[PDB]
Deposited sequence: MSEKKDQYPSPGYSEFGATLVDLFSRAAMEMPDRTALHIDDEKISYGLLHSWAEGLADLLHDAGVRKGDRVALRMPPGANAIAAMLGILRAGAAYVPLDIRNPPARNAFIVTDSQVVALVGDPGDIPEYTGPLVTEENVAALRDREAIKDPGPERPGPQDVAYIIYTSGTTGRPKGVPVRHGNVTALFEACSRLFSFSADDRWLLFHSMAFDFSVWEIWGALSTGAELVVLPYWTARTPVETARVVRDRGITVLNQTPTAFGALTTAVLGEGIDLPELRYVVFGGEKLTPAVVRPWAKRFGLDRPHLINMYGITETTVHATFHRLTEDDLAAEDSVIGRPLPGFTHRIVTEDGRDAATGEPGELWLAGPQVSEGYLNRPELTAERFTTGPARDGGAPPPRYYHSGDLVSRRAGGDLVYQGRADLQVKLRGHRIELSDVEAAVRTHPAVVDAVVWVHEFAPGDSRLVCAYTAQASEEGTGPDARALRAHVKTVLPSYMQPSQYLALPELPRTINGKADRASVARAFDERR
């Protein structure tokens, strides 16, 4: 149907006996989740929540968080998720920037808006007016690199267009088990949640436990019988180490879907020798929050493991696209350019960032294009290959540097897991190439990199970290690495 509410309604009306949520040994049926959610919506209505309103959600992953989010959607409102490892100042900003009429869960400088507590939500375990396709389902905040975190509001019709685009490339059924691996404040959780709840499938909630190892994660994945696993490449590399080390088998896995980072063939090779490429399928998906979770699809093949190219494949069925030169021109085959995207999954622009919206969402004088700020090429055969972020193609003292190439060159060192390379302003006068990396001292690393890279591309300073700092989506927080570096210097 038109909305996420419709999707849940259909599946719940039609498969009420099936398990919607699985939290350790706890199982909630679609039927009972549906009941709980209708009740929560009525409760939200009573507290003065209206269609088009925005409600904060702040809860650990579990039954209550999910039921609250359905209740919020059923009430015609958008949920604005706050991840609880988010620093208090970040919530405080989002709470005010998004102007929520209420918060669900427990809390922040001002509490003066109304609360629905977790205990309140647990208690409820024709209705308010239903939302339309053009109503906002969620508002997820992305990283603003200097300037503030920015909010992206995604509509019901945006999300429902996502699952329609994917209907024929994936083979999903009510029998699947989806893992909720990701933060509810990361849009990859939307795919995970609604992947399950739109089809009658089961959603396995990874309960919140920070001392859980990859090894434990692997063990749950086998034991809870997961068929659809979503991972960032960073997460999957560590998962693979654990699966291979303990020798875990995963015969029930049907799909592993990658998103959110550049997926290198090297990351995938160890997996592929153990399980092959036929089961599960490996699917790389390029995506951005501004165009609703995923924008492309590429099933991995043996060929992708021969070269070192990052194939992201073709735009999802809903999309039209451009590959654009610095000049505004359409790029030739094999030529790198900026990817632009148009279609029903593209968001309506940022929240309260009117000038940024103006720049990155454009209409000719024609489709409405979102400028991804990502560099890609169309290879012969029509597949997209991902090159890198225009952000990270920088210039320094007369040379152009692919920061991402330096990074990979540092990663080429066998004892190095991860690297972040950037231009650091030591002073206005002194701008130099810097690297942070995780496990080899700087001396050995520096000596190795002098092999791989031209001299202008060699990091001027190396900082060894126990781990790289992480935003809640599990990516390396670049602004956090630069600040840690600066303070250690």
Missing CA stretches, deposited numbering from 1, N-terminus first:
1-16, 124-125, 144-150, 391-397, 472-479
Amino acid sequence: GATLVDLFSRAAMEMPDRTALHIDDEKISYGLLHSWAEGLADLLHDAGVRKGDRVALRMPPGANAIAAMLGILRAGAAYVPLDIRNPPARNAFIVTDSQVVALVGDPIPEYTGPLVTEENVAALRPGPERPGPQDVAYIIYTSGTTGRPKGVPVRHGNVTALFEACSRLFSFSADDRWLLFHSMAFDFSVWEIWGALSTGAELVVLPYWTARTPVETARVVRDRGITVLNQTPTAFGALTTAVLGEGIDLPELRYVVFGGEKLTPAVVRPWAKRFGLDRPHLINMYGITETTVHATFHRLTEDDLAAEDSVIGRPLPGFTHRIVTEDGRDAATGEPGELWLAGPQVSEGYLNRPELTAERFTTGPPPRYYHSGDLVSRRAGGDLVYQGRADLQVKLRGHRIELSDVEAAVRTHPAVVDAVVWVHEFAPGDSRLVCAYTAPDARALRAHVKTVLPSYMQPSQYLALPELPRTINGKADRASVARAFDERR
From here on, numbers count along this sequence of modelled residues.
Looking at the entry, does 306-314 or 197-205 show the higher mean C-alpha B-factor?
306-314
Would you mind comparing 425-433 and 458-466 for me and telling me which has the higher average C-alpha temperature factor in the entry?
425-433
Pick out which of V410, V417, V221, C166 has the highest C-alpha B-factor in the PDB entry.
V417
Could you say which of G237, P109, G225, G260 has its CA atom at the highest B factor, as listed in the PDB entry?
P109
Third of the chain, ranked by Cα B-factor, where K450 sits
highest
When the modelled residues of the chain are sorted by Cα temperature factor, does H294 land in the lowest, middle or highest third?
lowest
By the record's CA B-factor, is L356 among the lowest, middle or highest third of residues in the chain?
highest
Chain-relative C-alpha B factor for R177 (record values, thirds): the lowest
Is the Cα B-factor recorded for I288 in the lowest, middle or highest third of its chain?
lowest
